[PDB]
Amino acid sequence: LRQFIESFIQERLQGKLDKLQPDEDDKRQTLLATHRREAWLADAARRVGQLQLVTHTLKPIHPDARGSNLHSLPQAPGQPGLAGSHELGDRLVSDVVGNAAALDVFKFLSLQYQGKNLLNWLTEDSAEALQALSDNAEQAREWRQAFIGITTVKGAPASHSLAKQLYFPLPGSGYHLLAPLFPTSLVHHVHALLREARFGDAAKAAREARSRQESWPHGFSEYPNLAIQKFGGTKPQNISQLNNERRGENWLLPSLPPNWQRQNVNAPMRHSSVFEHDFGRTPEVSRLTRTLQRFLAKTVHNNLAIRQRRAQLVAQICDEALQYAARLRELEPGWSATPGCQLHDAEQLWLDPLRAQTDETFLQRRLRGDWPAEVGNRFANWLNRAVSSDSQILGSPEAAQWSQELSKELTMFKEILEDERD
Amino acid sequence: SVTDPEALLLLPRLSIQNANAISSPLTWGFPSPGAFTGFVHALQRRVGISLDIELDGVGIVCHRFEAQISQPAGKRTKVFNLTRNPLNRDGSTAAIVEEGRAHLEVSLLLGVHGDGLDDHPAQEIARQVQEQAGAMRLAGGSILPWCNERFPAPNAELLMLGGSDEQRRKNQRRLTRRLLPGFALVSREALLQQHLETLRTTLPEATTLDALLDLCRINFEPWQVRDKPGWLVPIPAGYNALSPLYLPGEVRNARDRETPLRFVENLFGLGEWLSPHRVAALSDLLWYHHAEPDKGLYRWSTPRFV
Amino acid sequence: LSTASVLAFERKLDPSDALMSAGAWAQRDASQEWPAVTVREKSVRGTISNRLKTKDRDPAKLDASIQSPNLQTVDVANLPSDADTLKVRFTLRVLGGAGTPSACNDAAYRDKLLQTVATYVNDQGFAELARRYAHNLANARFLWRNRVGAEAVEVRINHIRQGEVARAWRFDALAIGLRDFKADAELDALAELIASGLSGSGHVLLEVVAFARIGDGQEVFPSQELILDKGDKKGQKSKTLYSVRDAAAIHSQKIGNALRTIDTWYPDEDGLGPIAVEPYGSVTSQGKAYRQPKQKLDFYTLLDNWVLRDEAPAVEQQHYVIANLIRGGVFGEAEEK
Amino acid sequence: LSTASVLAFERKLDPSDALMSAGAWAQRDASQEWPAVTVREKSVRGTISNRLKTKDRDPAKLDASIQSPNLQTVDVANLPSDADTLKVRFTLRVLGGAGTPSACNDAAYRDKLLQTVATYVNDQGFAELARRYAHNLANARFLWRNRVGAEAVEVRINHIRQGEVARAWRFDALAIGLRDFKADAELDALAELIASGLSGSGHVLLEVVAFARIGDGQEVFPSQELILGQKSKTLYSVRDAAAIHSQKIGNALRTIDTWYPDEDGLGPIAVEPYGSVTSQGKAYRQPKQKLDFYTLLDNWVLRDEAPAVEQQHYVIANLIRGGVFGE
Amino acid sequence: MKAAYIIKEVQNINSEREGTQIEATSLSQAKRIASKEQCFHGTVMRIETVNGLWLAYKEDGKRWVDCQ
Amino acid sequence: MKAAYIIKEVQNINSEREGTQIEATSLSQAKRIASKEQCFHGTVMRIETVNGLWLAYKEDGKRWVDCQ
């Protein structure tokens, strides 16, 4: 290449040099065309050995940590469902660690080693070793002292007292002390959550086409509940290359329970209940029942993957009904059930604790709790009256399949409602 | 099904304040399972030798969760609430090294193996485990012992090798009454592998494909949303070596000069929160950690969960 | 025979978050059903009246600045209009096993560390530290601004074995001050309980309730939350209060800071009072740090004079070093860099 | 010797929110069970009333803008159709320890500031300031627009021992002027109770109740919120009662400043640094002259140049309201 | 070209106050002339567009925190 | 694909009237062919699904107010 050090002279004295006053005659007026032009790295040979090219580093754990930053890429596990940094190798971006003088010398050192252009020939112009300059070795003895020290950084594998060390028990034996590092390259690769997914152009095009109900074969993705982990302080350059497009921050994926953002104190039954009888209160009114199981239900032609989710999506409702029962089981230390209820009855086995008191209704309710079709069939019909526009299932052998899983949730629901009253 | 427990032990309702909520460089939320598998091993080296028993498995049941987060004005993401640290000796403010915190209400199904079951009563073991576990910290967070208006929740114990087949659905459906307001976190390693050869359209790795199960991603109208296999989350699933193993003195900043060291990375996987009524046997719900120290794999999972 | 590169201690005297309730005084023996104090928002308009610079002295440039007020939304927590009493309860656990590190490199340093901790303990108890930790519970210093200008403060401390109340205490928190640590009779039993909890192995659980009679509808002061990313829309509040499930609350680290203010042993402060125990002993309100490395008063210097070269300090400095072990802390000296 | 870069004073005279209720006059001695005033909505069609900016002088746009107007929803608070009296009730807490900062950054500046404030208190007490605060409790200036055009305003102040009433006071707020400070044998007692509260002798909690005959169904004016048929006006309400912000009640208490470097033909203003009123849009204590708060504080504390005896009351009154001072 | 900005001087970051319109070429020119034209000490400068979008802010002797 | 909509022309927003079924590809196509097929002046157009869920409406020379 030839234009690589030649594109530096037109950007300096054209825009920034607007007036040169005689009050200053020290560095930019006399020395810039003398020593600062080509042989300028003589006095700048103290930031060039300062850097290090890493993949896993230590300073995001704590900025005052002075152990080892390592480059060594991992091996593959060999076990199925495990995701790490081992699946990179040509898509990885190698982090640089040093001072605040790592913008120019890094781009200068990067291009010559990574990015060579040898693909075409295996025989022709591959056996060449005499296409060098071929100069003498005695003429340049004294002042060429920088050939060997340009690469060799120090070793000395160390950790730090603020570096997050941990013990891991071996099988039938002692321990290994594990010191995890922060993966810069993997967090950088996952910071391509931005352009292809969140607010790049092809994603927001399909977000526009979602509102207009259009159709092209790019569906988009939506990432809820991400968190921001900001590294550095006000200075995300004393840590890493956190300055180009990852502005000293880290996007975190959620790992939350369903108990996440649960409502504080549940509403007790039989005070103003007109809609909420066996549904519970759930936020998936427009989510689980409206759009989920109601598309490609009228033109079902295969029965391999269709009725499995129709079998388990109602098992989810049968589970979350018991979840609602368990939430209203605790957390409610009082009952005043005399007003407000005119269609909600026979629930003393379902939403009532023992209370150390005979809450009987002229029956043997307090020590015996059988025939629980006052709940089981009573929401097994609630599930059927969640939809009434389905018409052509009648007179078909597939309507028997709908009564299979409701013969199943009328199998597994009885004895888990008798065993609480004893 | 390595080392089947002869006895399950239910630490009933542990209330935890200020647990670590970051849990990995990529995830956040409920803390790592390795915290729980280290907590059961810290129980094991305080009461496990004095009672000649073996605490080895652990079942994670989260009843209540709350994080110190806040949503900023005009963003759909979250940021973490912080603490004001002390100053320096210069008199200036120190750096803000941010940390996530969470409150936490958990239940722990432990699993007991040894010969100390047959010497002590089942009520001796449970007190010595429970009142020990109120002296310790779970995920960097304080385990808060009971005081309230109600009654303290007691530490039970089953003997799940004992009893007939009627007792094998009388006992394992009695504890599930005490685990039901919350959800259990299990390891789903077969889903993330069978979703990897499911992608025949592209030829990806597991990294971009675990990122394609966390999504409520929206498919174009041939709109609709791609199907839900359950409540799936990303979990840290162990560690993997990025260094050879070092002799136990040749780093002078280790935690101790008697144990070997490796520099490791994380290792991400898939898990599912599920109600414990889907669980056939509650011993299948337990978390173990196996290591391959000839490789660099130090990981944890729930085995025997089909 | 040298300082270990890793040395860390774990937090003994571990409190919880302090929830806030509200009811009436003299119904406070039956205060288990009082509703929580909730955090709500309000609006506030004010003029920018701060110190001007030197350069602009002009009536026109000042009067045009107060043509435009600024507005902001803040959080506020008040008692209800019929409640005059604030109830603040938290649970303390006193762990014990104090001088044992949770991390140490050198076996020699741990061996001549726990021996020096034992010859502190065997020569004199934790009773001097225990009276000063219990005194900060008996006066309600954990009520920070909720204490000032209160008419009556009443503290109730219950030792709890499993679910029972072994011994209960009862104090007038205003009757004992905040400056001078005095000796009492009902308070030394609590001091002996805290000392026997620190010395043994196994936790001692306390519940501490404070009742502050403040007035109907007055403002209470929960802890304020630190958010480093402020929302760039104009939507966001300017002041967020901490709340544990729709109940206004004080952080656990602020309660614990209030319990640690026992440090009266640095040769200064003829009228300041106790400060908190910290290495390089520093106060965030005062801004400065009172224990400096230029003088023989720092934990990093007192500790290794007392352990490595067995140059014991004064006894009042040994109390500081042991109190600084009870709070915890991560320490270095960094044998490799 | 120099001013500390961190100073912070707390406010003394803590007021609460003031909750508004309604009933009938001559049912005032049984006004504990009065119904609260509720904030409700109504629709508003408006008209083009503002100045036009001289490019909208044309009839072709003014007719089109008056043809299709804008419709708004406002929050309004009225009395009920049979209730004529507005009851307003808040509690006041008078703390004391007035000169001590809560955050400071010097030990010599703090010691000399406490020396200076102790010199002030030991020369004359808090009696002159407390007279002017008791006067703003006696007249019902904390009723802001709820006081103008009122047929009668009566203020009752109870002093609270434990939950019991030690002393009760009773004032006609319209006879006691809004633009003077006179003396009365029953207002001297309230002034010296507030003086014994600010100097630190006793614990002082007050219960202030004001009644105002506004008229049947007339509009009362709660404090107003900032907006986060789009709604044009939002009123402050604590649970469902209409209420007044605590800082607007607190503002109407420290309107005691009658010492200006400008003309005294405008009444008292509120104690502020650079003594300012937004409703008149100008600051009456300019730092061109030497009578704002910061210059007087720096001259009285640092270089021991005391101001006049009347300006010392102003400087101490700025220390009572608190604030973030210091360079 | 000369672009229009709104310079605001508020108490803290999340405060609303009517600002003054400037004429500046770059955002760095706006930060320079918002370094001056500040009357008070413990205040926050904020630079906005004409329609209310935030660009940068500075809080009492710190860096200009840019608003992405 | 061609989706089915219900175009309604009502007096005001909260009026019920039996509408006419169209065949349209997108919702913007339905808004274009509901801009026409309107007979009267002071009326409100409304676009619905086949089961009665509202999608958008337009009230006598204004924007289409979308129904989230």
# chains A, B, ... in the order shown; residues from 1 in each chain; ligands from 1
$ residues_around --residues "segment 29-39 of chain E" --least-positions-apart "2" --cutoff "10 Å" --atoms "only C-alpha atoms" --output "JSON list (two decimals) with N, CA, C and O atoms, in the first residue's frame"
[["chain", "number", "residue", "atom", "x", "y", "z"],
["C", 48, "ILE", "N", -34.88, 29.73, 41.28],
["C", 48, "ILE", "CA", -33.46, 29.43, 41.41],
["C", 48, "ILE", "C", -32.85, 30.58, 42.20],
["C", 48, "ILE", "O", -32.58, 31.65, 41.66],
["C", 50, "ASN", "N", -29.67, 30.65, 44.07],
["C", 50, "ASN", "CA", -28.36, 30.13, 44.41],
["C", 50, "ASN", "C", -27.35, 31.25, 44.26],
["C", 50, "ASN", "O", -27.69, 32.34, 43.82],
["C", 51, "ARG", "N", -26.11, 30.98, 44.63],
["C", 51, "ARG", "CA", -25.09, 32.01, 44.60],
["C", 51, "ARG", "C", -24.76, 32.38, 43.16],
["C", 51, "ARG", "O", -24.47, 31.51, 42.34],
["C", 52, "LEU", "N", -24.84, 33.66, 42.85],
["C", 52, "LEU", "CA", -24.45, 34.13, 41.53],
["C", 52, "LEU", "C", -22.94, 34.08, 41.39],
["C", 52, "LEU", "O", -22.20, 34.01, 42.37],
["C", 53, "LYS", "N", -22.49, 34.16, 40.16],
["C", 53, "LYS", "CA", -21.07, 34.34, 39.92],
["C", 53, "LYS", "C", -20.68, 35.79, 40.15],
["C", 53, "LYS", "O", -21.50, 36.65, 40.47],
["C", 54, "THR", "N", -19.38, 36.07, 39.97],
["C", 54, "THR", "CA", -18.88, 37.43, 40.15],
["C", 54, "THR", "C", -19.17, 38.30, 38.93],
["C", 54, "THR", "O", -19.28, 39.53, 39.05],
["C", 55, "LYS", "N", -19.35, 37.69, 37.75],
["C", 55, "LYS", "CA", -19.28, 38.46, 36.51],
["C", 55, "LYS", "C", -20.55, 39.23, 36.19],
["C", 55, "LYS", "O", -20.46, 40.28, 35.53],
["C", 56, "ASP", "N", -21.72, 38.77, 36.63],
["C", 56, "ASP", "CA", -23.00, 39.36, 36.22],
["C", 56, "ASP", "C", -23.66, 40.02, 37.42],
["C", 56, "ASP", "O", -24.24, 39.36, 38.29],
["C", 57, "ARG", "N", -23.57, 41.34, 37.47],
["C", 57, "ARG", "CA", -24.26, 42.13, 38.49],
["C", 57, "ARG", "C", -25.12, 43.17, 37.78],
["C", 57, "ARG", "O", -24.61, 44.20, 37.31],
["C", 61, "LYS", "N", -30.69, 41.11, 34.40],
["C", 61, "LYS", "CA", -30.34, 39.71, 34.22],
["C", 61, "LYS", "C", -30.76, 38.85, 35.40],
["C", 61, "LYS", "O", -30.86, 37.63, 35.25],
["C", 62, "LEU", "N", -31.01, 39.45, 36.57],
["C", 62, "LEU", "CA", -31.50, 38.67, 37.69],
["C", 62, "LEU", "C", -33.02, 38.56, 37.67],
["C", 62, "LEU", "O", -33.57, 37.49, 37.93],
["C", 65, "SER", "N", -34.29, 35.97, 35.34],
["C", 65, "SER", "CA", -34.09, 34.59, 35.76],
["C", 65, "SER", "C", -35.24, 34.11, 36.64],
["C", 65, "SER", "O", -35.50, 32.91, 36.70],
["E", 3, "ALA", "N", -27.42, 26.71, 13.46],
["E", 3, "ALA", "CA", -28.54, 25.94, 13.98],
["E", 3, "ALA", "C", -29.05, 26.55, 15.28],
["E", 3, "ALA", "O", -28.33, 27.25, 16.00],
["E", 4, "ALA", "N", -30.31, 26.26, 15.58],
["E", 4, "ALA", "CA", -30.98, 26.80, 16.75],
["E", 4, "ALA", "C", -31.00, 25.76, 17.86],
["E", 4, "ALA", "O", -31.30, 24.59, 17.62],
["E", 5, "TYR", "N", -30.68, 26.19, 19.07],
["E", 5, "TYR", "CA", -30.70, 25.34, 20.25],
["E", 5, "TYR", "C", -31.49, 26.04, 21.34],
["E", 5, "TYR", "O", -31.80, 27.23, 21.25],
["E", 6, "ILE", "N", -31.80, 25.29, 22.40],
["E", 6, "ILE", "CA", -32.42, 25.84, 23.60],
["E", 6, "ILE", "C", -31.49, 25.55, 24.77],
["E", 6, "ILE", "O", -31.27, 24.39, 25.12],
["E", 7, "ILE", "N", -30.94, 26.61, 25.36],
["E", 7, "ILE", "CA", -30.09, 26.50, 26.53],
["E", 7, "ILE", "C", -30.95, 26.69, 27.77],
["E", 7, "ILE", "O", -31.64, 27.70, 27.90],
["E", 8, "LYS", "N", -30.90, 25.72, 28.67],
["E", 8, "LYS", "CA", -31.67, 25.77, 29.90],
["E", 8, "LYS", "C", -30.74, 25.68, 31.10],
["E", 8, "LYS", "O", -29.74, 24.97, 31.07],
["E", 9, "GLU", "N", -31.07, 26.42, 32.15],
["E", 9, "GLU", "CA", -30.36, 26.35, 33.41],
["E", 9, "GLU", "C", -31.35, 25.95, 34.49],
["E", 9, "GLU", "O", -32.20, 26.75, 34.88],
["E", 20, "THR", "N", -33.61, 29.69, 26.91],
["E", 20, "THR", "CA", -33.30, 30.78, 26.00],
["E", 20, "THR", "C", -32.75, 30.22, 24.71],
["E", 20, "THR", "O", -31.87, 29.35, 24.73],
["E", 22, "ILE", "N", -30.59, 30.11, 21.38],
["E", 22, "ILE", "CA", -29.34, 30.62, 20.85],
["E", 22, "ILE", "C", -29.27, 30.35, 19.36],
["E", 22, "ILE", "O", -30.17, 29.74, 18.77],
["E", 23, "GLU", "N", -28.19, 30.80, 18.75],
["E", 23, "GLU", "CA", -27.85, 30.51, 17.37],
["E", 23, "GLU", "C", -26.42, 30.01, 17.38],
["E", 23, "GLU", "O", -25.50, 30.77, 17.70],
["E", 24, "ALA", "N", -26.22, 28.73, 17.08],
["E", 24, "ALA", "CA", -24.89, 28.16, 17.13],
["E", 24, "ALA", "C", -24.66, 27.27, 15.92],
["E", 24, "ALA", "O", -25.58, 26.69, 15.35],
["E", 25, "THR", "N", -23.39, 27.16, 15.54],
["E", 25, "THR", "CA", -23.02, 26.35, 14.38],
["E", 25, "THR", "C", -22.97, 24.87, 14.74],
["E", 25, "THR", "O", -23.61, 24.05, 14.09],
["E", 26, "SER", "N", -22.22, 24.52, 15.78],
["E", 26, "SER", "CA", -22.03, 23.14, 16.17],
["E", 26, "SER", "C", -22.58, 22.94, 17.58],
["E", 26, "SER", "O", -23.02, 23.88, 18.24],
["E", 27, "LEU", "N", -22.56, 21.69, 18.04],
["E", 27, "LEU", "CA", -22.94, 21.41, 19.42],
["E", 27, "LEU", "C", -21.83, 21.80, 20.38],
["E", 27, "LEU", "O", -22.10, 22.15, 21.53],
["E", 41, "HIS", "N", -24.47, 28.99, 40.69],
["E", 41, "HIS", "CA", -23.45, 27.99, 40.98],
["E", 41, "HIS", "C", -23.95, 26.56, 40.91],
["E", 41, "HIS", "O", -23.48, 25.76, 40.10],
["E", 42, "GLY", "N", -24.89, 26.20, 41.77],
["E", 42, "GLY", "CA", -25.24, 24.80, 41.90],
["E", 42, "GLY", "C", -26.31, 24.33, 40.95],
["E", 42, "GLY", "O", -27.22, 23.61, 41.36],
["E", 43, "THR", "N", -26.21, 24.72, 39.69],
["E", 43, "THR", "CA", -27.25, 24.48, 38.70],
["E", 43, "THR", "C", -26.73, 23.56, 37.61],
["E", 43, "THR", "O", -25.54, 23.30, 37.49],
["E", 44, "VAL", "N", -27.67, 23.09, 36.80],
["E", 44, "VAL", "CA", -27.39, 22.15, 35.72],
["E", 44, "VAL", "C", -27.73, 22.84, 34.41],
["E", 44, "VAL", "O", -28.83, 23.37, 34.25],
["E", 45, "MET", "N", -26.78, 22.85, 33.48],
["E", 45, "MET", "CA", -27.05, 23.34, 32.15],
["E", 45, "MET", "C", -27.58, 22.19, 31.30],
["E", 45, "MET", "O", -27.17, 21.05, 31.48],
["E", 46, "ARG", "N", -28.49, 22.50, 30.39],
["E", 46, "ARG", "CA", -29.03, 21.49, 29.49],
["E", 46, "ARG", "C", -29.18, 22.10, 28.11],
["E", 46, "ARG", "O", -29.62, 23.25, 27.98],
["E", 47, "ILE", "N", -28.82, 21.35, 27.08],
["E", 47, "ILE", "CA", -28.92, 21.79, 25.70],
["E", 47, "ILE", "C", -29.96, 20.94, 25.00],
["E", 47, "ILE", "O", -29.87, 19.70, 25.02],
["E", 48, "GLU", "N", -30.94, 21.58, 24.37],
["E", 48, "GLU", "CA", -32.03, 20.90, 23.72],
["E", 48, "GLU", "C", -32.22, 21.43, 22.30],
["E", 48, "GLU", "O", -31.67, 22.47, 21.93],
["E", 56, "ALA", "N", -27.40, 17.36, 25.48],
["E", 56, "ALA", "CA", -26.31, 17.20, 26.43],
["E", 56, "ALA", "C", -26.68, 17.93, 27.71],
["E", 56, "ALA", "O", -27.58, 18.78, 27.71],
["E", 57, "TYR", "N", -25.99, 17.59, 28.79],
["E", 57, "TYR", "CA", -26.16, 18.33, 30.03],
["E", 57, "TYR", "C", -24.89, 18.27, 30.85],
["E", 57, "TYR", "O", -24.02, 17.43, 30.64],
["E", 58, "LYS", "N", -24.79, 19.19, 31.82],
["E", 58, "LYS", "CA", -23.60, 19.37, 32.64],
["E", 58, "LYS", "C", -24.03, 19.74, 34.05],
["E", 58, "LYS", "O", -24.76, 20.71, 34.23],
["E", 64, "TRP", "N", -19.67, 17.31, 30.23],
["E", 64, "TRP", "CA", -20.91, 17.28, 29.48],
["E", 64, "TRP", "C", -21.32, 15.84, 29.22],
["E", 64, "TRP", "O", -20.66, 15.12, 28.47]]
$ residues_around --residues "segment 198-206 of chain B" --least-positions-apart "6" --cutoff "9 Å" --atoms "only C-alpha atoms" --output "list in words"
residues 81, 82, 83, 84, 87 and 88 of chain A; 192 and 269 of chain B
$ write_last_selection --atoms "C-alpha atoms" --output "PDB file, in the first residue's frame"
ATOM      1  CA  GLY A  81     -26.828 -27.031  25.349  1.00  0.00           C
ATOM      2  CA  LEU A  82     -23.945 -24.785  26.384  1.00  0.00           C
ATOM      3  CA  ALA A  83     -23.149 -21.370  24.904  1.00  0.00           C
ATOM      4  CA  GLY A  84     -19.877 -19.556  25.456  1.00  0.00           C
ATOM      5  CA  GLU A  87     -18.235 -20.556  19.042  1.00  0.00           C
ATOM      6  CA  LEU A  88     -16.404 -17.477  17.749  1.00  0.00           C
TER       7      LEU A  88
ATOM      8  CA  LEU B 192     -31.439 -25.829  23.384  1.00  0.00           C
ATOM      9  CA  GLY B 269     -27.623 -22.403  28.984  1.00  0.00           C
TER      10      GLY B 269
END
$ interface_residues --of "chain C" --to "chain E" --cutoff "12 Å" --atoms "only C-alpha atoms" --output "PyMOL selection string"
chain C and resi 43-58+61-74+227-240
$ write_last_selection --atoms "N, CA and C atoms" --output "compact mmCIF listing (two decimals), in the first residue's frame"
# COMPACT_ATOMS: atom_id res chain seq x y z
N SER C 43 -45.98 17.91 43.18
CA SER C 43 -45.28 18.89 42.36
C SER C 43 -44.76 20.01 43.24
N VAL C 44 -43.69 20.63 42.78
CA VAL C 44 -43.02 21.68 43.53
C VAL C 44 -42.41 22.67 42.55
N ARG C 45 -42.74 23.94 42.74
CA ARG C 45 -42.24 25.03 41.93
C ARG C 45 -41.44 25.96 42.83
N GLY C 46 -40.26 26.35 42.38
CA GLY C 46 -39.45 27.27 43.14
C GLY C 46 -38.64 28.14 42.22
N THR C 47 -38.05 29.18 42.79
CA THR C 47 -37.14 30.03 42.07
C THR C 47 -35.71 29.56 42.30
N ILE C 48 -34.88 29.73 41.28
CA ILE C 48 -33.46 29.43 41.41
C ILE C 48 -32.85 30.58 42.20
N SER C 49 -32.64 30.37 43.49
CA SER C 49 -31.96 31.34 44.33
C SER C 49 -30.71 30.67 44.88
N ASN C 50 -29.67 30.65 44.07
CA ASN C 50 -28.36 30.13 44.41
C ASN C 50 -27.35 31.25 44.26
N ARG C 51 -26.11 30.98 44.63
CA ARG C 51 -25.09 32.01 44.60
C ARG C 51 -24.76 32.38 43.16
N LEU C 52 -24.84 33.66 42.85
CA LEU C 52 -24.45 34.13 41.53
C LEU C 52 -22.94 34.08 41.39
N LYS C 53 -22.49 34.16 40.16
CA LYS C 53 -21.07 34.34 39.92
C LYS C 53 -20.68 35.79 40.15
N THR C 54 -19.38 36.07 39.97
CA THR C 54 -18.88 37.43 40.15
C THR C 54 -19.17 38.30 38.93
N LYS C 55 -19.35 37.69 37.75
CA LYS C 55 -19.28 38.46 36.51
C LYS C 55 -20.55 39.23 36.19
N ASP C 56 -21.72 38.77 36.63
CA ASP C 56 -23.00 39.36 36.22
C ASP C 56 -23.66 40.02 37.42
N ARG C 57 -23.57 41.34 37.47
CA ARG C 57 -24.26 42.13 38.49
C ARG C 57 -25.12 43.17 37.78
N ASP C 58 -26.42 42.91 37.71
CA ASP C 58 -27.38 43.62 36.89
C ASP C 58 -28.78 43.25 37.36
N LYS C 61 -30.69 41.11 34.40
CA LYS C 61 -30.34 39.71 34.22
C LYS C 61 -30.76 38.85 35.40
N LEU C 62 -31.01 39.45 36.57
CA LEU C 62 -31.50 38.67 37.69
C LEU C 62 -33.02 38.56 37.67
N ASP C 63 -33.71 39.65 37.33
CA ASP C 63 -35.17 39.62 37.30
C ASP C 63 -35.69 38.77 36.15
N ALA C 64 -34.93 38.62 35.08
CA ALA C 64 -35.33 37.73 34.00
C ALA C 64 -35.11 36.27 34.33
N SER C 65 -34.29 35.97 35.34
CA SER C 65 -34.09 34.59 35.76
C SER C 65 -35.24 34.11 36.64
N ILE C 66 -35.92 35.02 37.32
CA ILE C 66 -37.05 34.67 38.16
C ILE C 66 -38.38 34.97 37.47
N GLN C 67 -38.34 35.36 36.19
CA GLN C 67 -39.54 35.25 35.37
C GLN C 67 -39.89 33.80 35.12
N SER C 68 -38.88 32.94 35.06
CA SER C 68 -39.06 31.53 34.77
C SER C 68 -38.74 30.71 36.01
N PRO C 69 -39.72 30.13 36.68
CA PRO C 69 -39.43 29.18 37.74
C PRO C 69 -39.04 27.85 37.12
N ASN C 70 -38.53 26.95 37.95
CA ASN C 70 -38.44 25.59 37.48
C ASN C 70 -39.36 24.69 38.28
N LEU C 71 -39.79 23.62 37.62
CA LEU C 71 -40.72 22.69 38.20
C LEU C 71 -40.12 21.31 38.17
N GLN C 72 -40.62 20.47 39.06
CA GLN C 72 -40.11 19.12 39.26
C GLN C 72 -41.12 18.35 40.08
N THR C 73 -41.09 17.04 39.91
CA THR C 73 -41.91 16.11 40.68
C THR C 73 -41.01 15.42 41.69
N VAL C 74 -41.42 15.39 42.95
CA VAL C 74 -40.66 14.73 43.99
C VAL C 74 -41.54 13.68 44.64
N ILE C 227 -29.95 6.85 41.76
CA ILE C 227 -30.08 6.39 40.38
C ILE C 227 -29.03 7.12 39.55
N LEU C 228 -28.17 6.36 38.87
CA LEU C 228 -27.07 7.00 38.15
C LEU C 228 -27.46 7.37 36.72
N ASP C 229 -28.53 6.80 36.18
CA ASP C 229 -28.99 7.09 34.83
C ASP C 229 -30.32 7.83 34.93
N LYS C 230 -30.30 9.12 34.67
CA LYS C 230 -31.49 9.95 34.76
C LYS C 230 -32.18 10.02 33.40
N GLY C 231 -33.50 9.88 33.41
CA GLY C 231 -34.24 9.73 32.17
C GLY C 231 -34.29 11.01 31.36
N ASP C 232 -33.93 10.88 30.09
CA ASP C 232 -33.78 12.02 29.19
C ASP C 232 -35.05 12.32 28.40
N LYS C 233 -36.19 12.53 29.06
CA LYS C 233 -37.40 12.81 28.30
C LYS C 233 -38.11 14.08 28.75
N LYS C 234 -37.92 14.47 30.03
CA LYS C 234 -38.66 15.35 30.97
C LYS C 234 -39.75 14.62 31.76
N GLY C 235 -39.81 13.30 31.69
CA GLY C 235 -40.81 12.59 32.47
C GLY C 235 -40.49 12.42 33.95
N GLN C 236 -39.22 12.26 34.29
CA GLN C 236 -38.85 11.56 35.52
C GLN C 236 -38.92 12.48 36.74
N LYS C 237 -39.19 11.87 37.90
CA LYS C 237 -39.09 12.53 39.19
C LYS C 237 -37.66 12.98 39.47
N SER C 238 -37.54 13.95 40.36
CA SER C 238 -36.26 14.43 40.81
C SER C 238 -35.82 13.79 42.12
N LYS C 239 -36.70 13.07 42.79
CA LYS C 239 -36.42 12.52 44.11
C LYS C 239 -37.24 11.26 44.29
N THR C 240 -36.58 10.12 44.44
CA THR C 240 -37.23 8.83 44.57
C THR C 240 -36.97 8.30 45.97
$ select_by_dssp --residues "segment 189-262 of chain D" --states "helix (DSSP H, G or I)" --output "ChimeraX atom specification"
/D:189-198,246-251
$ interface_residues --of "chain A" --to "chain B" --cutoff "7 Å" --atoms "only C-alpha atoms" --output "ChimeraX atom specification"
/A:62,72-74,77,80-84,87,157-161,165,170-171,175-182,210,213,215-223,225-228,233,252-257,259-260,319,323,326-327
$ select_by_dssp --residues "chain F" --states "strand (DSSP E)" --output "ChimeraX atom specification"
/F:3-10,20-24,44-48,54-59,65-66
$ residues_around --residues "residue 314 of chain D" --least-positions-apart "3" --cutoff "10 Å" --atoms "only C-alpha atoms" --output "number ranges by chain"
D: 129, 256-259, 271-273, 291-293, 296, 309-311, 317-320
$ interface_residues --of "chain B" --to "chain E" --cutoff "12 Å" --atoms "only C-alpha atoms" --output "list in words"
residues 72, 73, 74 and 75 of chain B
